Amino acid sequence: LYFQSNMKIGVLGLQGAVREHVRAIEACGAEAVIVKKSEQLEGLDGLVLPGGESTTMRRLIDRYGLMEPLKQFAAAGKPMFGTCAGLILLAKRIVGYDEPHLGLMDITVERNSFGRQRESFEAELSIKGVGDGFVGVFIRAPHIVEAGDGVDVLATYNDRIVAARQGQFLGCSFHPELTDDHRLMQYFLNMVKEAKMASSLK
């Protein structure tokens, strides 16, 4: 008989702080799973990394022993979407105080707190392969300082990279979950579907 074809997408974070991420994932017809424990990663097709304060990330990763399991998840080819500070977890290099980063994307990132006194703002963005008129909500947005040749730039703001992709990794410095525009989440879910397709065949 038949099984569900719904993708299972994890959200790395605490129950009450990731409601908007759950909603964005579910709005696209995927099942959201709040991930705390590393075993919960095994059944997922993809993972959203919302991030949070550096100290909370440090504690969460250490307390739940997520570092190797996260690296394992990447090695299985499962797509991962870092948003806002979650982008830092995917980076190779950090400018400023050191914090958890897995070295998955060829980018150098810097926390907002380190750069300047940038007040939160909203800007219309043109996202390559996703669409125009996407409202990017920048609240405590990290800065992507540099990106290597293998990184696909999807959007810029004031010539700074604000959305990028490298293989199964997707990253943005804004909060796509704070708009009802589902085009970026759909783009990610498409990556997850393609990756699942591929794993099934070889």
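The first residue of the shown sequence is 1; numbering continues from there.
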Notebook entry, point to check: On average, are the C-alpha B-factors higher in 102-110 or in 73-81?
Noted result: 102-110
Checklist line | 89-97 or 117-125, whichever carries the higher mean Cα B-factor | finding: 117-125
Margin query: Looking at the C-alpha B-factor values in the deposited entry, which of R59, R160, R165, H175 comes out highest?
Written below: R59
Next item on the list: Name the third of the chain's ranked CA B-factors that contains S38, choosing lowest, middle or highest.
Entry: highest
Checklist line | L14 - which third its CA temperature factor falls in, relative to the rest of the chain | finding: highest
Next item on the list: Consider only the C-alpha atoms of the modelled residues in this chain, order them by B-factor as the entry records it, and name the third containing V145: lowest, middle or highest.
Entry: highest
Item checked: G171, C-alpha B-factor rank within chain (lowest, middle or highest third) -> lowest
Next item on the list: Place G65 in the lowest, middle or highest third of its chain's C-alpha B-factors, as listed in the PDB entry.
Entry: highest
